[PDB]
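Protein chains in written order, with the entry's author numbering: chain b, 1 to 82; chain L, 2 to 156; chain W, 2 to 130; chain N, 2 to 151; chain X, 1 to 145. Encoded as structure tokens, the structure appears first; notes follow it.
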RNA sequence: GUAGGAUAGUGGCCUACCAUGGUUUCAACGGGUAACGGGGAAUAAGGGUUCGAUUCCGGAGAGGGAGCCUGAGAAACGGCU
RNA sequence: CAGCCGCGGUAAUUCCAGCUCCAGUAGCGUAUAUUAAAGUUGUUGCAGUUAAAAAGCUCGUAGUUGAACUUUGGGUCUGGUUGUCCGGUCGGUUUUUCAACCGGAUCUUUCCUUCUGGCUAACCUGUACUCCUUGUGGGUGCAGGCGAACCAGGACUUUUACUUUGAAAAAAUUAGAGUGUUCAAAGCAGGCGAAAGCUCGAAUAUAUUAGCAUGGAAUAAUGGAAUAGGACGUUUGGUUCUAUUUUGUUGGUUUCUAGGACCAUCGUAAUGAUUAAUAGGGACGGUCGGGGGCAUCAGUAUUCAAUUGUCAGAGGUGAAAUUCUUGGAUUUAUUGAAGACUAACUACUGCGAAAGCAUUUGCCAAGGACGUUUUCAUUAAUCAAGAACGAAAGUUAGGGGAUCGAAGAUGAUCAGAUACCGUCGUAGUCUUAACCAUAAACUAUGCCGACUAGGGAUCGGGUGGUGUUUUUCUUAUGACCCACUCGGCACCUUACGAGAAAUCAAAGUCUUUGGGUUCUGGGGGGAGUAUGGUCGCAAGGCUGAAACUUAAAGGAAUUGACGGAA
Ligand SMILES: [Mg+2]
Ligand SMILES: [Mg+2]
Ligand SMILES: [Mg+2]
Ligand SMILES: [Mg+2]
Ligand SMILES: [Mg+2]
Ligand SMILES: [Mg+2]
Ligand SMILES: [Mg+2]
Ligand SMILES: [Mg+2]
Ligand SMILES: [Mg+2]
Ligand SMILES: [Mg+2]
Ligand SMILES: [Mg+2]
Ligand SMILES: [Mg+2]
Ligand SMILES: [Mg+2]
Ligand SMILES: [Mg+2]
Ligand SMILES: [Mg+2]
Ligand SMILES: [Mg+2]
Ligand SMILES: [Mg+2]
Ligand SMILES: [Mg+2]
Ligand SMILES: [Mg+2]
Ligand SMILES: [Mg+2]
Ligand SMILES: [Mg+2]
Ligand SMILES: [Mg+2]
Ligand SMILES: [Mg+2]
Ligand SMILES: [Mg+2]
Ligand SMILES: [Mg+2]
Ligand SMILES: [Mg+2]
Ligand SMILES: [Mg+2]
Ligand SMILES: [Mg+2]
Ligand SMILES: [Mg+2]
Ligand SMILES: [Zn+2]
């Protein structure tokens with residue numbers, strides 16, 4: 001942080017800390033959580049910040065309630081990452 | 002603007018000293034004389050094909066293009082057979098070393114060869130004094146359409 | 002708004018120099034800016050510099066040598082008529098001997114001396130002394 | 002730093018590095034387009050459609066997968082509304098504000114807000130005119146604004 | 001800070017206008033413009049003016065130094081206005097006399113008072129065609145009455 | 001604009017008939033100038049600022065305003081009414 | 001006398017004379033202008049927290065400005081132009097060993113505008129093959145044909161700005177070369193012989209505004225193919241032509257045809273949208289708020305009144321008094337009416353464009369922050385015209401009026417005191433309908449943008465913690481703890497940055513002077529006046545002088561002195 005930072009390669013920790021914007025390259029930290037409902041055996045590629053009452057592919061199960069940031073995954077639901 | 006009626010004054014108007022021979026029997030009848038203005042400006046077909054007279058036309062009349070050749074966008078088309086060009090430019094001032102955006106208009110005669118609308122860029126040739134202010138004559142409407150045919154967006 | 006990106010970059014560089022930083026991070030990273038940097042390098046006022054490709058606009062890093070003193074940018078890109086160049090130099094630069102007045106022209110973004118050599122001037126961008 | 006308020010935030014969507022497709026996230030471009038068209042038909046605005054695509058399905062951006070955006074696609078198909086979406090929304094808001102004012106004569110802040118909204122709309126309208134989407138000699142204001150809306 | 005004035009490459013007319021506007025705060029400039037000298041200023045914006053000695057008037061000085069400053073009430077010939085001219089050196093006022101023609105000059109301050117003599121703006125120079133200093137010296141003599 | 005009239009000739013220069021234009025905050029229009037314009041003058045780092053009645057170039061005027069003769073050329077004033 | 005500072009009040013170095021003496025010198029003074037000095041008119045190049053100066057606030061047309069992205073790099077020759085390497089030379093000149101520098105041609109996925117023809121200079125040639133050292137040293141030489149060696153006509157140019165050299169910017173002036181007017185200021189003269197005739201000169205440069213000319217293609221704009229009505233062309237049909245040249249020459253009609261133009265269809269190509277600005281708008285999501293409007297709830301608290309009780313005073317006091325009832329006023333207790341307000345909560349706390357906004361719930365819309373792999377693609381920044389609000393008072397017109405309370409009564413005090421203090425108390429204060437449009441509307445700090453040094457907190461969002469507790473068993477919300485994260489109403493040191501200094505992390509990145517804009521100021525007073533405008537019901541507002549006057553007016557601090565400050 002003083003005099004000779006050597007700015008092309010930071011430690012990744014710093015990058016993680018800083019805003020999703022205020023690193024070297026813009027790169028988001030939202031993920032496509034591949035959710036499975038308790039009902040039907042099928043995987044929904046649910047973006048972690050839904051902004052929607054996320055239904056399944058057809059059945060009205062309700063997977064994720066869109067909280068302002070990351071979605072609360074309604075009830076005992078299971079998920080994969082990205 | 003206006004146009005259409007052809008022979009519609011108290012007087013009746015022909016191209017002077019130019020003759021529509023009644024003994025002779027051509028298809029055109031009216032022997033349309035026309036001028037090639039030069040300076041690398043084409044005679045528009047509207048002028049050669051049509052009907053209107055105009056003394057003050059540079060292609061079908063006695064006005065001759067010479068001196069300066071200006072261009073400019075058209076502001077007003079409201080008066081009869083003439084246009085108000087608006088010739089935008091920059092004026093330098095050395096005390097500051099910058100520019101102004103300055104105006105000057107040019108009332109110029111338009112031959113019914115051309116269709117001229119508001120906001121059309123128009124090249125104009127100097128000539129005889131036609132009127133009080135009209136010392137200029139339109140030779141080329143550059144913005145023929147300017148997104149006229151391609152106005153609607155839907156596919 | 003972000004007006005004169007180049008100017009901003011130059012300011013940043015100056016600030017860095019003042020601080021005693023060995024390097025600078027620049028956001029926007031233009032063609033003009035790049036040219037300026039190149040010129041500086043040629044002269045001998047700047048180390049490496051590297052354009053990051055934010056898959057977007059740009060993002061430069063400049064290695065400062067500790068040699069830069071000021072890296073100025075004159076505001077509107079004034080129109081210079083070859084004789085006025087001298088006057089400009091007198092105004093901006095310390096000494097007849099050294100420094101440069103980076104001015105864009107038909108030939109390219111070059112310093113004042115270079116322009117003179119060419120016999121081709123244009124609009125000013127900045128300076129380095 | 003915000004057009005009207007003195008609040009200079011950067012609540013903002015980041016966008017990823019790869020213009021190319023995020024490999025595994027599958028489907029088809031044509032399919033996506035079809036879906037978009039369907040959504041448009043139903044009544045969803047471009048942004049809304051995009052959001053929908055993001056949330057449940059494996060789409061990240063249409064720009065990525067198809068190549069084209071969403072609005073453009075709609076236009077191609079014949080499904081973009083006469084009034085662009087944002088503009089329409091603004092108009093609606095203005096109308097609402099006007100209604101509120103009418104209901105409650107004495108309300109100064111509300112009036113101010115309405116005025117601001119109107120100004121914004123005007124700006125937007127002007128921009129559109131400059132572009133060539135909304136035809137010229139056309140003010141989207143107040144009395145006829147309502148009519149335009151519905 | 002961009003510092004007030006527009007620094008654009010085409011902002012020249014505006015700048016000029018601003019400058020013009022400012023010019024009306026500068027006092028000398030204003031005077032030059034409006035012709036305050038030509039419309040007022042007893043003299044006609046001139047160096048000198050001949051005037052008739054209406055009477056000899058001793059004026060009491062401002063402060064610190066206290067004395068009577070042997071001035072003259074002069075009526076300017078060309079305009080008809082009435083002013084008060086201080087008369088320099090020892091005596092001098094006697095020499096000047098009464099009802100004489102008297103060529104005035106400004107006192108020094110581009111109008112305004114001259115130090116201690118309040119409400120006084122002019123040196124008497126010549127009295128009936130000579131010169132006051134000369135008279136005082138007695139290098140030149142007066143042309144009788 | 002159209003046509004005529006006039007002019008050495010262009011031209012709302014003037015007449016007739018028609019159209020409603022034309023200029024304007026890129027200061028139109030009005031008011032002021034102890035303003036004839038320019039070459040130039042003074043000052044003098046660079047940028048400037050002020051002055052230019054006045055030896056050169058133009059333009060106006062011959063107490064004021066009007067009108068015209070002669071003449072290639074004058075609306076002349078060391079012509080006229 | 002003294003421009004100014006100032007000298008003069010019985011010791012004048014400043015007045016009035018002599019001598020000395022200074023300065024300038026055939027000149028030197030005075031007056032007014034004006035230029036310099038004045039960065040005290042500022043483009044270069046000023047100021048605006050406090051010295052004069054930021055519109056009270058936001059909106060906003062003109063104007064002024066405005067993120068990044070499209071051809072970069074390498075080779076291969078080839079012209080110069082001065083330093084070098086010797087003077088190869090009769091103090092000057094011609095190459096090489098070398099150089100940097102400025103070009104030119106090209107080749108690199110590359111066109112520099114393209115053709116209808118003139119001239120194809122040239123050999124890419126090879127038709128006879130050889131004047132000839134054993135040769136690819138060398139050219140008499142003409143069918144296919146490289147066209148840049150030039151024209152002379154089309155076709156149609158994206159258009160600017162910018163800059164290049166050029167052509168034009170009368171002489172005198174200015175700069176400036178030459179030259180013995182005796183010198184110079186000048187002037188265009190002169191200079192040399194046999195002194196029979198001959199002979200140098202009378203230059204060059206400036207002026208940049210506009211127009212003309214040409215090269216340049218960075219910078220800045222502009223433009224183009226997204227209903228492709230797009231581009232080309234072996235298209236293949238067509239449609240409208242136009243129309244000259246021969247058919248002997250006129251008037252036709254239709255051809256062959258070669259040039260327009262315009263709809264078809266076939267093909268060709270990588271067929272055609274740059275980013276998606278830690279620019280901006282808009283949707284979405286959970287939130288947040290003493291933000292606004294309308295609607296209700298509390299405390300009540302005061303006041304009058306009702307009923308209720310108790311018998312000398314209670315109010316008020318600034319030290320002290322006046323002042324009120326007793327036929328219980330006050331005090332005690334329950335109510336009622338009214339219109340007010342909305343404590344405690346309440347903080348270097350939150351919201352709002354400011355003015356301003358704190359009980360309840362509800363309704364009504366709006367809003368920032370956030371989060372977002374959502375969407376549009378320059379909509380953006382600031383603004384003279386004009387617009388929206390806008391404390392209090394005042395105003396007109398309505399409701400109320402408890403207290404305080406400009407007006408007014410009135411009781412003391414002092415030389416006096418229609419002043420405080422004191423008691424009372426119309427207008428209001430409060431509200432509702434209209435105005436008004438001003439404030440120490442003050443952060444006495446314009447807005448937008450960027451960057452520069454540490455620290456903790458603190459509000460609102462949002463991440464991670466086998467963290468802790470809740471406990472209904474795992475919990476899951478909630479609520480903290482800690483770290484980071486973005487966000488507004490906030491300390492310490494050095495300042496190298498600043499600043500006149502108080503101080504300032506901005507009031508910094510300014511004589512090392514230029515990120516983008518609006519507005520304001522130019523000694524003090526006269527004066528926010530006079531006047532005119534304009535705006536108002538008015539009061540006043542916005543707008544806004546000069547004459548005249550004056551050497552200080554200010555600011556900041558330092559030491560004092562002082563203060564019914566501690
Ligand atoms: Mg921001
Ligand atoms: Mg704004
Ligand atoms: Mg005294
Ligand atoms: Mg005529
Ligand atoms: Mg003059
Ligand atoms: Mg005059
Ligand atoms: Mg003159
Ligand atoms: Mg005169
Ligand atoms: Mg003359
Ligand atoms: Mg006379
Ligand atoms: Mg006469
Ligand atoms: Mg005479
Ligand atoms: Mg004469
Ligand atoms: Mg003495
Ligand atoms: Mg000056
Ligand atoms: Mg100043
Ligand atoms: Mg102030
Ligand atoms: Mg203020
Ligand atoms: Mg104010
Ligand atoms: Mg740019
Ligand atoms: Mg000279
Ligand atoms: Mg009462
Ligand atoms: Mg709070
Ligand atoms: Mg409360
Ligand atoms: Mg205004
Ligand atoms: Mg009030
Ligand atoms: Mg009282
Ligand atoms: Mg009393
Ligand atoms: Mg003043
Ligand atoms: Zn299902």
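A virtual CB, placed ideally from N, CA and C, is assigned to each residue, including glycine.
Ligand 1 heavy atom lying under 7 Å from the CB of residue i
i	result
residue 2 (chain N)	yes
Through-space distance from residue j to residue i, alpha-carbon basis
i	j	result
residue 83 (chain W)	residue 61 (chain L)	50 Å
residue 95 (chain W)	residue 70 (chain W)	11 Å
residue 88 (chain X)	residue 31 (chain X)	29 Å
residue 167 (chain X)	residue 120 (chain X)	Limits of chain X in this structure are 1 at one end and 145 at the other, which puts residue 167 (chain X) out of reach.
residue 43 (chain b)	residue 54 (chain N)	16 Å
residue 1 (chain X)	residue 122 (chain X)	51 Å
residue 110 (chain X)	residue 46 (chain X)	11 Å
residue 99 (chain X)	residue 54 (chain X)	6 Å
residue 34 (chain N)	residue 66 (chain N)	10 Å
residue 60 (chain W)	residue 71 (chain N)	29 Å
residue 128 (chain N)	residue 130 (chain L)	42 Å
residue 63 (chain L)	residue 34 (chain W)	58 Å
residue 38 (chain W)	residue 69 (chain N)	37 Å
residue 4 (chain N)	residue 124 (chain N)	11 Å
Residue i Cβ short of 7 Å to ligand 3 heavy atom set
i	result
residue 61 (chain X)	no
Where the beta strand (DSSP E) through residue i begins and ends
i	result
residue 92 (chain L)	90 to 94
residue 106 (chain N)	Neither: residue 106 (chain N) is in no beta strand (DSSP E) and is coded neither H nor E.
Heavy atom of ligand 30 within 7 Å of residue i beta-carbon
i	result
residue 75 (chain b)	no
Where the alpha helix (DSSP H) through residue i begins and ends
i	result
residue 30 (chain N)	30 to 43
| query | Pairing CB atoms from the segment 17 to 25 of chain b with CB atoms from the segment 67 to 78 of chain b, are three or more of them under 8 Å? | reply | Not touching, per the Cβ criterion.
I want to know whether the segment 13 to 21 of chain X touches the segment 103 to 119 of chain N - three or more CB-CB distances under 8 Å.
In this structure the segment 13 to 21 of chain X does not lie against the segment 103 to 119 of chain N, because fewer than three pairs of beta carbons, one per stretch, are closer than 8 Å.
Does the pairing of the segment 95 to 109 of chain N with the segment 76 to 87 of chain N give three or more beta-carbon distances under 8 Å?
With a cut-off of 8 Å, the segment 76 to 87 of chain N and the segment 95 to 109 of chain N do not count as touching, because too few Cβ pairs lie within range.
Chain X contacts made by the segment 66 to 97 of chain W, where a contact means CB separation under 8 Å: Those residues of the segment 66 to 97 of chain W that come within reach of chain X (Cβ to Cβ, closer than 8 Å) are 76, 77, 78, 79.
Short-range partners of chain L found in the segment 70 to 86 of chain N, where Cβ spacing is below 8 Å: Under the 8 Å Cβ criterion, the segment 70 to 86 of chain N contributes 76, 77, 78, 79, 81.
For the segment 95 to 129 of chain L, enumerate the residues whose C-beta is nearer than 9 Å to any C-beta of chain X, in chain order. Closer than 9 Å at the C-beta level to chain X, one finds these residues of the segment 95 to 129 of chain L: 96, 97, 98, 99, 100, 101, 102, 103.
Using a Cβ-Cβ cut-off of less than 7 Å, list which residues of the segment 55 to 67 of chain N approach chain b; keep chain order.
-> Those residues of the segment 55 to 67 of chain N that come within reach of chain b (Cβ to Cβ, closer than 7 Å) are 55, 56, 57, 58, 59.
Using a beta-carbon distance cut-off of less than 9 Å, what residues from the segment 2 to 21 of chain N approach chain b?
Answer set for the segment 2 to 21 of chain N: 11, 13, 14, 15, 16, 17, 18.
Query - the segment 4 to 20 of chain L contacting the segment 83 to 90 of chain L, beta-carbon criterion three pairs below 8 Å - result: Judged by Cβ distances under 8 Å, the segment 4 to 20 of chain L makes no contact with the segment 83 to 90 of chain L, as fewer than three pairs qualify.
* To do: Mind checking the segment 120 to 145 of chain N against chain L and listing, in chain order, the residues whose C-beta falls within less than 8 Å of any C-beta there?
  => Answer in chain order: 133, 134, 136.
- [ ] For the segment 24 to 35 of chain b and the segment 15 to 34 of chain N, state whether three or more C-beta atom pairs, one from each stretch, are separated by less than 8 Å.
- [x] The segment 24 to 35 of chain b, when compared against the segment 15 to 34 of chain N, does touch it at the 8 Å Cβ threshold.
Selection of the segment 21 to 43 of chain X by Cβ proximity to chain L, strictly under 9 Å = Within the segment 21 to 43 of chain X, no residue has a Cβ that lies closer than 9 Å to any Cβ of chain L.
Notebook entry, point to check: What are the residues of the segment 54 to 68 of chain L that lie near chain X, defined by any Cβ-Cβ distance shorter than 7 Å?
Noted result: So nothing in the stretch comes that close.
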